[PDB]
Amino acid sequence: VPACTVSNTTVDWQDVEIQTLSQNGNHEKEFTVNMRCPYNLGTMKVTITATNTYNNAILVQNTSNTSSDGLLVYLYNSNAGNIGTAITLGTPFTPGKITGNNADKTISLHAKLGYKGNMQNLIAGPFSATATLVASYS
């Protein structure tokens, strides 16, 4: 069936003090993703992938003195506004919070910031990373 057409979006943490980061991930942030799903019978399956990763987290480039270390973005499903089970990159999951009775659908997800390597090697300054999100019903 036709896959949904996902609208680009951005999750912005603004200022994040390095000293306050938890290696396991904190600074929890909820965000939404809007999409157009002409075919919406059955259940929606979403798969999120990224080019730079580490143990199921998105590895943010240029955020550590050691190029293979750095800031980490962990993604989680949502359960009625509450953080849900962690998302395994590259595998399908059904969003726990979906809104929109028509072809216009909106899902809610959660993200946390963590880091790889020593906190002292983290580099201050603007950071950016991206992930691909595909969604389709079945």
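Numbering starts at 1 and runs along the sequence shown.
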Mean temperature factor over C-alpha atoms, higher-scoring stretch between 90 to 98 and 105 to 113
90 to 98
Comparing 69 to 77 with 48 to 56, the one whose average Cα B-factor in the PDB entry is higher
48 to 56
Of the residues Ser64, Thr85, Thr32, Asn26, the one whose Cα carries the largest B-factor in the deposited record is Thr85
Among the modelled residues of its chain, does the C-alpha B-factor of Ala131 lie in the lowest, middle or highest third?
lowest
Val11's Cα B-factor: lowest, middle or highest third of the chain?
lowest
